[PDB]
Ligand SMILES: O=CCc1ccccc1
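Quick setup: one chain, the form deposited without the ligand, written in structure tokens, and binding and motion questions come after.
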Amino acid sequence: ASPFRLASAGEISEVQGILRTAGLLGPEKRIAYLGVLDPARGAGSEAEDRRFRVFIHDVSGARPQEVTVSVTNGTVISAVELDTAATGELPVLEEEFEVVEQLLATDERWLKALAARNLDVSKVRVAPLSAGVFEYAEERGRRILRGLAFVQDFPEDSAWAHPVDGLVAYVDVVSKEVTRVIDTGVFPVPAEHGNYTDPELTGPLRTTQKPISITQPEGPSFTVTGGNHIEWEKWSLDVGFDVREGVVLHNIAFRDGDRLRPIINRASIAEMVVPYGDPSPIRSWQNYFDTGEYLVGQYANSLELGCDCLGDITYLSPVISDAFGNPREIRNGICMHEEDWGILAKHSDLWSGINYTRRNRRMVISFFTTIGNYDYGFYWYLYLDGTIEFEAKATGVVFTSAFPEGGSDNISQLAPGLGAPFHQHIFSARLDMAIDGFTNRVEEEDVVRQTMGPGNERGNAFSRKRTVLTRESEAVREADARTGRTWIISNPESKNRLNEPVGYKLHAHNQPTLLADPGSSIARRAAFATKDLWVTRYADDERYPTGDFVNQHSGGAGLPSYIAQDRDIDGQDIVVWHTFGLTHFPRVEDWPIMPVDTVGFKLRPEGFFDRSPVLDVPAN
């Protein structure tokens, strides 16, 4: 059995059993995160010890715990007590989100604010959001959620269309107290409905779209064995699923003739922040850490055939844990399919009379998650020529506010009185590199322009320059689209036939990084987002750019701390962390449901192969 197989329902149940038996899962205990641990560095280690990491929360206010259990041995290997005011709070629980609206509904200050606006409390939905760390000392060590109101006129109504601005509440979800209710002033509540399924808004539906039928009369070209091991057009990998990170790809390799060569040991989106740029006290604290605080895999959708994934699909239904350790399956939560990708190679040669054309293909592995108003699709692609690519698709309903009379520098208008605060969606890809094995290195490649003169008398010459990042103190890099900056990960001990170290080149989209002032909380807490590329020496406990406990953590966790070690990355076991995102100034066409916008990156072989790896592709 493979060490990278997906967690079984019974394994979750076994973890539950081991925890209750050791008296660590009592009636006041809640599981805020549960995930299988990856195998440690080894190869001839056939003694498989299946271990799970669990973050246990306590509803009574008692210190939480980080527990490591061996589902194979049936034992608790570790169980450490956490000082959350030092190391941050655990991920927020679904039941904690539910308590915010309920608690506010009986609070005198909240009911008063709602009375002044003439809104029926039973019609007021509250978005229970992360708190972050600002200037409220009484929150340290406490689990707080901040709430924003939205009106829902009827059950099928889209509450996002009616934000109740000038109002924000802070709630302690363990002691169940409303710690603060801020009412900065009354703002009209946007009246227009944003119901995209309402025939009064859509108008007569189109009857012009003819069907596009994509089928595979002989089945797919990939094989799925061991439940999650994929073999497709020379590629090999294992598809994992974590409740925090979502789809994770393991042991990405390419079979170059005789040998199966490694490229990436582990690929995942390790964090994803959505910071808001509205300086209003009602929203200036708003920063979603979708992966770290909310756990994206937890909210993964059950994809529908023909609607979400068209063609010959192969699904994976991963299993996660609930707050009590019971297994929960996300049916059809991962899509796997190959799709046509146009022309791969083409040449019509005059001299030889040979006309050659080959088509391209990509293997797609994806999932879609929903974080409140927003829905995100995470797509990983493998191409015939050895290219690896990631694409994030953002959709959903934009987060709203009121549009200030007299306009705004930080909010855009979507409808009459309806605003949409400026924000960004910034992702972090954790790429545990293994180019032909673990002895890797990273170089920054810049285009070099040359000046006209001796050796370049016609002033036509241009070159390139590569700088090797040797220590971690020099591995925090910035993009430079102007000079065509890319980063090559190579194995200095593995050469191609021309005796140059094999490599892969990372092509970024060069979008803007974190815009927030460098001294702000979010800049401290999401420091990874301020730079485009980070390279660290691998360490088993360094899994997230924002750290293990993001919720209400002070700042400087994850990447800045890891880098501070200043380890040797020149020809070592390294990890590449690429920051990429969308800066969003919502437009009128993003209402009342926004069309997909995308971001991503890709890695292309750079002298990895001896010649083109697609010469054996047939005609057809």
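The numbering used is simple: start at 1 and walk along the sequence shown.
The same protein also exists as the form deposited with the ligand bound; that form is not shown, yet it is the one meant from here on.
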query	finding
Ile435, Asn496 and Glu606 all contacting the ligand in the entry with it bound, non-hydrogen atom within 4.5 Å	no
Single option in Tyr294, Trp534, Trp110, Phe403 placed near the ligand in the entry with it bound, where near means a heavy atom within 4.5 Å	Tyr294
Heavy atom within 4.5 Å of the ligand in the entry with it bound - the one residue of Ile371, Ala523, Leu103, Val76 that qualifies	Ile371
Region of this chain that lies against the ligand in the entry with it bound, out of 122 to 130, 437 to 445, 546 to 554, 215 to 223 [heavy atom, 4.5 Å]	122 to 130
Partner proximity in the entry with it bound: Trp160 to the ligand, non-hydrogen atom cutoff 4.5 Å	yes
Exercise: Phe241 in contact with the ligand in the entry with it bound, heavy atom 4.5 Å	no
Close approach of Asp290 to the ligand in the entry with it bound, 4.5 Å, heavy atom	yes
Touches the ligand in the entry with it bound: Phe97 (any heavy atom, 4.5 Å)	yes
